[PDB]
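Included below are structure tokens for two forms of one protein chain, each presented in isolation as structure 1 and structure 2.
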Structure 1
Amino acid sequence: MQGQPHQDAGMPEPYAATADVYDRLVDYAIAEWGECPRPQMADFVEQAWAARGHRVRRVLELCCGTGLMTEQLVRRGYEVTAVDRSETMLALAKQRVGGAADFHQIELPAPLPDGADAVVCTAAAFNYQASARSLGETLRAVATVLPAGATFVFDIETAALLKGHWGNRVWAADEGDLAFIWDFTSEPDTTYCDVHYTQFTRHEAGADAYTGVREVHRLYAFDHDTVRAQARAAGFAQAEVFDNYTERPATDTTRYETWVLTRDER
């Protein structure tokens, strides 16, 4: 996976070993750090479409993961195409949604399936973009399949958090059947934070045996000037930034920034 630490043989790529705990860790993130529940994310994007008079029918979802946002869009009656680089994540998305969405294994940046009325990318997937250059190339791929005036909504963890909050701190929990640790490290003059994730899964209740699994996730911070510059060059001169899928403009307490990009029109 481009942009992730070079590591030994048999070391998992992000989500290659942890896909089967992802939904549980999302429930934890919602309860602990303020990650937005998917129904609210879907309410927000629908409100954004309605406020522009967009008769959105076809939605392209990037980095769909296990399909938590995909299922909201499918339930609401959209014709959903959903893409992700991870075969383990996609297998869970297919279990959740079945044939009600069209799934593709694609590593961004790469050409995207044509025909959408709107594009979404939820839950900080864009923090895996390896560079401002790659981010711009991914935004170009989106612009290619969106008509003038159409919208792309995505969220990222705010740049300071990957350097000054989580920054170099540690979080963990012991839930008995599973214990997990996130150890964040960010070197002085880099734009990224390495998250060393470790988990221990109990073999059986009432016994003390566990299996340990580790994954390293490199997360890149993008400041507002970089997002705006790459968006403009990609064909989204208009970009706005909100606080975590609410209509409140982003402020200094925002942890998850929701960017609403509008495709250039005439």
Structure 2
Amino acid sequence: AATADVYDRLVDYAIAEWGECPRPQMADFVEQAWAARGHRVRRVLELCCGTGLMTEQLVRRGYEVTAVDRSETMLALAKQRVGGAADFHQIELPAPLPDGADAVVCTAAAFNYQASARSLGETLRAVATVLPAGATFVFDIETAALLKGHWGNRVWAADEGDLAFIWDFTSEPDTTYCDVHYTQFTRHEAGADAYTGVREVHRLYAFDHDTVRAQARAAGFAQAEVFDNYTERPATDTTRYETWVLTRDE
């Protein structure tokens, strides 16, 4: 992997080009969601923390954050971003999760990497086991309108001098997913033309509302509220990023 600057500039690109929600607004929404529903939240468990952009917001707002991610490299960058002011663990979902938290969050569409509705339901079960009755789990997912409709088979690319990258999307009409080929070139030194090339490839899956509710209900979240990209707006046909608020059974 590379520096937090690279991943931060990819997030910058997603915000400007595709409408991804900035992390300060994300945390504003989850805090308002907790307040409006009267939840007492002091300890927060964050799934798939990455470089810790949401972890920085949660820590800055005074919460006792526990953050997990399957990459030791991501956990290293996140610990540096927040100065170690959170307990980090290395876990890959679905798997047993830490306990003792009042609320759980999972931002930046990590759930779109889940292969099947089964793997989705398994992750929700992993969260439900470590959630007290009546407590909340907030995550986001990208919709088919974004994966198939907007990204589709188009290409995005940017040359920022020290960093250049290519997003290559492929989408079949008869599927619920799309494949992303990511290519990245980072400059060695400012006074040279040497670059390191790195590539990643992932399949991004879409889950319709009927599936999300069935898996949440089966996992112990009979109550599920969905909103349009960290606002009070309801999700509609043109919604690209859905924010789900799940409430543990009692």
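Basically, rigid core = biggest C-alpha set you can superpose within 1.5 Å across the two forms. Please note that residue numbering is based on structure 1, beginning with 1 at the start of its sequence.
The only C-alpha among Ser134, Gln72, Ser186, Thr151 that moves by 2 Å or more between the two structures, given a superposition on the rigid core, is that of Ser186. Relative to the superposed core, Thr201 shifts its CA atom by 2 Å or more between the two structures. In the core-superposed comparison between the two structures, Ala125 has its Cα shifted by less than 2 Å. The two forms, fitted on the rigid core, differ between the two structures by 2 Å or more at the CA of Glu175. Taking the core as the reference frame, the CA atom of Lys163 shifts 2.5 angstrom between the two structures. For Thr88, the CA shift between the two structures after superposing the rigid core equals 1.9 Å.
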